[PDB]
Amino acid sequence: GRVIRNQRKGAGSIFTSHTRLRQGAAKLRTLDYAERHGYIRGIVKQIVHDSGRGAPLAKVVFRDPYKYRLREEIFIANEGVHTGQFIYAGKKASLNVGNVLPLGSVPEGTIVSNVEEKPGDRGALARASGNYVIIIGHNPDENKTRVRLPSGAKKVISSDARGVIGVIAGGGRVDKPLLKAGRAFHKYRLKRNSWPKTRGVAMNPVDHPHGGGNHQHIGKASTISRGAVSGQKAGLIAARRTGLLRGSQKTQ
Amino acid sequence: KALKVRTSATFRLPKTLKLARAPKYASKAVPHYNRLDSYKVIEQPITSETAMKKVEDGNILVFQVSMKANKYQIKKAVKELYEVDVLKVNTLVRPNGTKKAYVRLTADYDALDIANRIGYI
Amino acid sequence: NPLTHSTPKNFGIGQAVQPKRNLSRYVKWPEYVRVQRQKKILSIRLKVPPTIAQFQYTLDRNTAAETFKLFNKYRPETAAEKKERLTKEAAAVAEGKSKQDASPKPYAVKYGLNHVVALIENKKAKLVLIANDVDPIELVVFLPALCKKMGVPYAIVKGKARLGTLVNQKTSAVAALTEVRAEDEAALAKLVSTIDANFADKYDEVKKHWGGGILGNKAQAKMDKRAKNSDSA
Amino acid sequence: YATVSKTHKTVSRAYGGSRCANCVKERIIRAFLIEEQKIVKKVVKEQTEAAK
RNA sequence: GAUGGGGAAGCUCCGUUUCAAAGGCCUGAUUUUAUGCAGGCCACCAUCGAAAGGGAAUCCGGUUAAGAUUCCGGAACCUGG
RNA sequence: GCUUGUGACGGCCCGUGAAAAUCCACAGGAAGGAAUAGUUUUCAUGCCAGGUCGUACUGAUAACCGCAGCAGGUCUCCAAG
RNA sequence: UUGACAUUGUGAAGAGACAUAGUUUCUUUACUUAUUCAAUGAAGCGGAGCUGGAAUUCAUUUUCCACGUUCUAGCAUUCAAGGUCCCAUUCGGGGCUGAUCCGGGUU
Ligand SMILES: [Mg+2]
Ligand SMILES: [Mg+2]
Ligand SMILES: [Mg+2]
Ligand SMILES: [Mg+2]
Ligand SMILES: [Mg+2]
Ligand SMILES: [Mg+2]
Ligand SMILES: [Mg+2]
Ligand SMILES: [Mg+2]
Ligand SMILES: [Mg+2]
Ligand SMILES: [Mg+2]
Ligand SMILES: [Mg+2]
Ligand SMILES: [Mg+2]
Ligand SMILES: [Mg+2]
Ligand SMILES: [Mg+2]
Ligand SMILES: [Mg+2]
Ligand SMILES: [Mg+2]
Ligand SMILES: [Mg+2]
Ligand SMILES: [Mg+2]
Ligand SMILES: [Mg+2]
Ligand SMILES: [Mg+2]
Ligand SMILES: [Mg+2]
Ligand SMILES: [Mg+2]
Ligand SMILES: [Mg+2]
Ligand SMILES: [Mg+2]
Ligand SMILES: [Mg+2]
Ligand SMILES: [Mg+2]
Ligand SMILES: [Mg+2]
Ligand SMILES: [Mg+2]
Ligand SMILES: [Mg+2]
Ligand SMILES: [Mg+2]
Ligand SMILES: [Mg+2]
Ligand SMILES: [Mg+2]
Ligand SMILES: [Mg+2]
Ligand SMILES: [Mg+2]
Ligand SMILES: [Mg+2]
Ligand SMILES: [Mg+2]
């Protein structure tokens with residue numbers, strides 16, 4: 001039969017992301033000489049809304065150590081950071097909300113945002129509004145540092161990998177009901193064409209594993225193996241258990 | 001001894017000598033004569049009766065003119081082929097793909113006077 | 001002193017645009033430059049096998065300088081000099097009736113690879129010089145092995161170009177003497193002796209020694225320092 | 001603006017056509033005070049350097 | 001959508017500033033003489049894509065069978081030199 | 001009053017509502033410039049030039065698309081009592 | 001998706017046979033030049049040294065860290081001022097130093 005919806009997305013045609021309005025990628029500074037020996041000062045010149053992003057960005061200008069010129073970077077704004085505020089970035093810099101320090105240089109239980117997976121990658125972990133990571137240990141002979149990411153997973157990465165002190169702002173966003181279809185409508189309007197969603201069980205067979213039959217029903221287990229093949233993976237993919245979750249979740 | 005001293009880490013293409021063309025033979029054997037002399041610019045008078053009026057009333061000569069010619073080339077060509085001085089030159093493409101030049105002479109010339117010393121009427 | 005003033009700039013992170021410095025160590029060289037450097041590195045990180053490793057041991061600046069000194073007295077004819085000789089003999093041979101021997105026996109250096117090889121096989125060289133470049137090394141790698149067998153004293157010498165000079169070609173790859181004027185037999189036997197001592201004699205032992213396996217120095221330091229302290233507490 | 005005399009594109013004072021007066025009061029006060037504290041800061045840690 | 005490139009038997013596919021030696025400006029040096037060099041910057045990498053988006057500057061009167069913010073008249077304004 | 005324009009405000013947003021050409025300004029102070037005479041064309045006045053293509057008319061119960069002078073379809077501005 | 005072979009090289013300990021000399025095979029953990037991934041207008045890498053100074057000296061230094069920027073929504077550019085050496089002192093202009101050495105491995 002046909003090619004199912006979830007296969008059509010990969011060609012990206014009507015499914016690429018609606019982007020005209022976005023401020024620009026958000027990154028930490030390039031890990032230059034200043035930032036890995038000393039520290040370098042900047043001013044947040046503005047904190048600003050990004051289209052289809054939860055948390056506001058923070059525009060921070062720095063002096064170019066090598067040319068006479070201002071070089072402005074785009075951060076995700078940690079809560080509490082503000083216009084005018086002075087931001088410090090470097091190994092030898094000071095442990096305050098807003099600054100950017102290498103996970104090696106902050107004590108355990110420090111709380112940081114927008115952290116790198118490898119040093120230099122200008123920030124990958126914990127960027128969504130409200131999220132952060134916690135340093136939960138160090139191993140100095142190897143300079144790994146151990147973090148717990150928003151998911152619960154605990155990675156270990158270079159103590160050189162940089163992070164920014166605090167949590168990312170606009171948290172709480174998801175506690176309030178969308179209420180009507182219009183509000184989701186405009187929500188995905190500035191993200192990507194993923195809304196609304198036809199249930200495959202409302203489709204015909206050509207369309208989808210779940211399509212067809214004289215009452216709507218999946219007809220077979222909707223738990224699909226990892227070893228499945230495109231055109232087949234719809235449902236609960238690789239599901240290692242299923243059903244209503246009872247009792248405290250929380251990874252140990 | 002020892003090394004250069006580049007203060008830039010960008011390496012660029014060395015600005016190197018550019019020789020000019022000194023052919024072993026002539027490009028095309030004989031250059032083309034002028035492809036748009038005045039006898040090719042201005043092709044005929046236009047002697048439509050509503051044209052003949054601009055002449056009588058407006059001190060203006062209407063010519064069918066080369067499609068390849070511009071206001072410059074039209075103005076010079078009139079000036080040369082007729083003694084006449086030109087004030088300005090309006091032009092337009094007729095609907096049979098040919099160009100019409102409305103040529104205003106300066107106040108010193110009587111275009112009507114010209115018109116019959118060129119022939120038409 | 002006067003209305004002039006000391007104002008030292010402070011170039012110390014987060015202040016004063018850094019000054020112009022020499023970034024030569026940093027520049028983003030062209031691929032072709034990057035590549036010929038890295039080829040030289042690669043050939044030295046690897047363990048190079050003995051029959052190539054026998055090159056790199058190149059004749060020393062001294063002994064060599066005096067080997068070109070003898071050899072440069074044996075250049076081949078020039079165009080003028082061969083024009084010159086012909087008339088001198090087109091003249092005499094045709095009328096004075098010289099047996100095509102209105103010309104003195106030429107003594108010059110012997111060159112051209114395939115030429116030099118057959119000379120050696122046929123036991124006529126007395127001193128082969130092999131050049132230490134030559135990029136398809138194969139053209140030449142067997143030349144030591146070959147000269148050892150023909151009991152022909154040889155020397156790997158720096159300058160594939162400089163062997164070209166002594167024979168009026170841009171490069172030359174090999175250069176050999178076979179004949180020599182009595183007034184030079186001596187000079188040669190001296191050279192042949194020194195040279196035989198830095199190569200032909202050392203041959204079998206050179207043959208057992210691989211080369212390369214040589215760290216870059218960011219890695220060497222990582223090893224002198226690591227293997228200083230780890231043992232010496 | 002390129003068809004208009006320069007007086008239409010400035011007020012006199014430093015940073016005339018470009019910053020808002022009240023804001024230059026600020027640049028000036030702060031410049032002064034911060035250049036001055038820079039003196040206060042040296043001689044304080046200049047003295048430190050021989051009393052430790 | 002060309003380009004150094006990378007795929008592909010190939011028609012061609014991918015990439016667009018991309019693991020590329022990617023260029024041109026202000027004048028000085030010229031007073032054999034016309035433009036070679038002498039500083040220095042700038043490293044931005046094509047181009048096409050809007051007759052509703054951005055955008056230098058014109059109006060009133062009069063005039064034709066049929067043109068008019070376009071012609072005639074008067075009165076302006078922009079751009080380059 | 002009506003249409004339209006515009007201003008200072010106020011409501012809404014898990015929506016906060018393009019780009020680039022182009023223009024000007026300021027920080028800077030390389031450099032240039034006077035009394036036996038310099039500096040000034042961002043003040044006034046003055047001189048020269050401004051190419052190429054489109055420009056009629058219909059825009060609809062007959063000028064477009066529906067085999068057609070088809071009761072269909074086809075984007076918009078002005079709007080009296 | 002899983003195995004094998006090829007790309008595939010260098011140490012080291014450990015298991016495996018001629019049947020308790022080391023050619024060879026694998027397990028392991030080292031290496032970095034192949035291959036791979038990021039980064040930047042390939043800018044400050046590795047090594048040594050000046051100085052500071054904790055240290056306690058078991059002869060004298062064995063070391064280990066340091067080794068220009070944090071009240072402020074300013075300012076930081078003309079190979080840098082200073083100092084020092086040149087040209088034949090013009091007006092301009094150049095070296096060094098300021099800014100320590102060494103290796104050219106961009107990280
Ligand atoms: Mg199908
Ligand atoms: Mg996209
Ligand atoms: Mg949709
Ligand atoms: Mg649904
Ligand atoms: Mg659903
Ligand atoms: Mg149905
Ligand atoms: Mg099916
Ligand atoms: Mg099924
Ligand atoms: Mg079904
Ligand atoms: Mg159901
Ligand atoms: Mg008249
Ligand atoms: Mg026209
Ligand atoms: Mg001779
Ligand atoms: Mg004013
Ligand atoms: Mg001023
Ligand atoms: Mg293409
Ligand atoms: Mg265009
Ligand atoms: Mg347009
Ligand atoms: Mg437009
Ligand atoms: Mg009218
Ligand atoms: Mg008319
Ligand atoms: Mg009309
Ligand atoms: Mg007019
Ligand atoms: Mg007038
Ligand atoms: Mg003008
Ligand atoms: Mg309206
Ligand atoms: Mg708003
Ligand atoms: Mg302005
Ligand atoms: Mg100068
Ligand atoms: Mg003017
Ligand atoms: Mg019309
Ligand atoms: Mg009609
Ligand atoms: Mg038809
Ligand atoms: Mg109809
Ligand atoms: Mg395996
Ligand atoms: Mg780099």
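Every read-out reported here was derived from the displayed coordinates using simple, explicitly stated rules and does not represent laboratory data. Cβ: placed from backbone, ideal geometry, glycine included. Neighbour counts: every protein chain shown.
Picking from residues in the range A:166-182 that are farther than 30 Å from A:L103 by Cβ and either touching a residue at least 12 places away in the same chain (Cβ under 8 Å) or under 22 Å from the mean Cα position of the chain (by Cα) (or both), the one that is nearest to ligand 9 (Cβ to nearest atom) is A:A181.
Would you be able to say whether some residue in the range A:207-218 is surrounded by fewer than 13 Cβ atoms within 10 Å (Cβ to Cβ) and within 16 Å of ligand 8 (Cβ to nearest atom)? Yes, the range A:207-218 has at least one match.
Looking for something part of a strand (DSSP E or B), within 19 Å of the chain's Cα centre (by Cα) and hydrophobic (A, V, I, L, M, F, W, C) - is there at least one such residue anywhere in the range C:102-115? No, the conditions are met nowhere in the range C:102-115.
The C-beta contact set for the range A:3-14 (first residue among the hydrophobic types (A, V, I, L, M, F, W, C), second residue more than 16 Å from ligand 1 (Cβ to nearest atom), distance under 6 angstrom, 6+ apart or interchain) comprises A:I14/A:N193. Count of the range B:1-43 residues, restricted to those that are within 14 Å of chain C (Cβ to nearest Cβ) and not β-branched (V, I, T), is 10. Take the residues of the range C:140-169 that are farther than 17 Å from C:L59 by Cα and among the β-branched types (V, I, T): which is surrounded by the fewest Cβ atoms within 10 Å (Cβ to Cβ)? Selected residue: C:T165.
Can you pull out the residues in the range B:99-121 that are touching an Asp or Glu at 6+ places or on another chain (Cβ under 8 Å) and either assigned to a strand (DSSP E or B) or aliphatic (A, V, I, L, M) (or both)? Within the range B:99-121, B:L105, B:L112 qualify. So, in the range C:10-35, of the ones that are part of a helix (DSSP H, G or I) and surrounded by 10 or more Cβ atoms within 10 Å (Cβ to Cβ), which residue ends up farthest from the other protein chains (Cβ to nearest Cβ)? Here the residue is C:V35.
Among all positions in the range C:53-70, there is no residue which is touching a residue at least 24 places away in the same chain (Cβ under 8 Å), more than 14 Å from every other protein chain (Cβ to nearest Cβ), of a type in the set (A, V, I, L, M, F, W, C) and loosely packed, with under 15 Cβ neighbours inside 10 Å. Here B:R94 passes the criteria (1) away from chain C (no Cβ under 14 Å); (2) away from ligand 12 (no atom under 16 Å from the Cβ); (3) over 17 Å from the mean Cα position of the chain (by Cα) except the one numbered (2).
Just one residue in the set A:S159, A:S230 is surrounded by fewer than 13 Cβ atoms within 10 Å (Cβ to Cβ), of a type in the set (S, T, Y) and out of contact with any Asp or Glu (no Cβ under 7 Å at 6 or more places or on another chain); that residue is A:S230.
Of the set (1) within 14 Å of another protein chain (Cβ to nearest Cβ); (2) hydroxyl-bearing (S, T, Y); (3) touching a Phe, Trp or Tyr at 6+ places or on another chain (Cβ under 6 Å), all apply to B:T47 but (1).
Only strands (runs of 3 or more DSSP E) whose full extent lies in the range A:1-114 are considered here, and the ones with at least 3 residues that are within 14 Å of another protein chain (Cβ to nearest Cβ) and away from ligand 21 (no atom under 16 Å from the Cβ) are A:40-48, A:57-63, A:86-89.
Is it fair to say C:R85 is closer than 30 Å to C:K105 by Cβ and away from every other protein chain (no Cβ under 11 Å)? Here the answer is yes, as C:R85 does meet what is asked. Yes or no: C:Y26 under 30 Å from A:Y88 (Cα atoms), of a type in the set (S, T, Y) and out of contact with any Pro (no Cβ under 6 Å at 6 or more places or on another chain)? Considered against the rule, which asks whether it is under 30 Å from A:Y88 (Cα atoms), of a type in the set (S, T, Y) and out of contact with any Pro (no Cβ under 6 Å at 6 or more places or on another chain), C:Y26 comes out as yes.
Residue-level analysis places A:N131 outside the set of residues that are within 14 Å of another protein chain (Cβ to nearest Cβ), closer than 23 Å to A:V48 by Cα and either surrounded by 14 or more Cβ atoms within 10 Å (Cβ to Cβ) or more than 16 Å from ligand 9 (Cβ to nearest atom) (or both). Evaluate the following for A:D121: is it within 16 Å of RNA strand E (Cβ to nearest atom) and away from every other protein chain (no Cβ under 14 Å)? Spelling it out, A:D121 is indeed within 16 Å of RNA strand E (Cβ to nearest atom) and away from every other protein chain (no Cβ under 14 Å). Checking D:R30, D:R13 one by one, the residue that is more than 14 Å from chain C (Cβ to nearest Cβ), in a loop (DSSP other than H, G, I, E, B) and away from ligand 11 (no atom under 16 Å from the Cβ) is D:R13 and no other.
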